[PDB]
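S.K.: Let me give you the structure first, and then I'll get to my questions.
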Amino acid sequence: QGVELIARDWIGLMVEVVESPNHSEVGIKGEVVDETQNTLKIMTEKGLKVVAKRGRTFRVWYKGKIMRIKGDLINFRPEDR
């Protein structure tokens, strides 16, 4: 499911920033409400947060599995995979 995850729009999934050059972003957790070519708009308990994909690592809850995904892998428009 790790491979299938890269091929779909992450909208609707729960994700958590587990690694980032900006410490301020580590821990940002919530539901992806939008995905752009370079960012993820995440709805958190504290509010909406936009986090860049490149250089970040995300913990993702998908298909009963919990995976660590490097932002570089999804740093493309979702429709382009």
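Going letter by letter, the sequence shown gives residues 6 to 86 in UniProt numbering. Note that CB positions come from ideal geometry on N, CA and C, so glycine has one too.
1. Residues in its own chain within less than 6 angstroms of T44 by CB, not counting five upstream and five downstream?
2. Taking the DSSP output, what are the residues bridged to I79?
3. Taking Cβ to Cβ, would you say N27 is nearer than 9 angstroms to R59?
4. Which term fits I47, buried or exposed, when burial requires 16 or more other beta carbons within 10 angstroms of its beta carbon?
5. Please report the Cβ distance between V23 and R82, rounded to the nearest whole angstrom; I am assuming they are in contact, meaning their Cβ atoms lie under 8 angstroms.
M.R.: According to the structure data:
1. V55 and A57
2. Bridge partners of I79: none, in fact.
3. No; because the gap between Cβ atoms is not below 9 angstroms, this pair is not in contact.
4. So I47 ends up on the buried side.
5. That belief does not hold up - the Cβ atoms of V23 and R82 are roughly 24 angstroms apart, past 8 angstroms.
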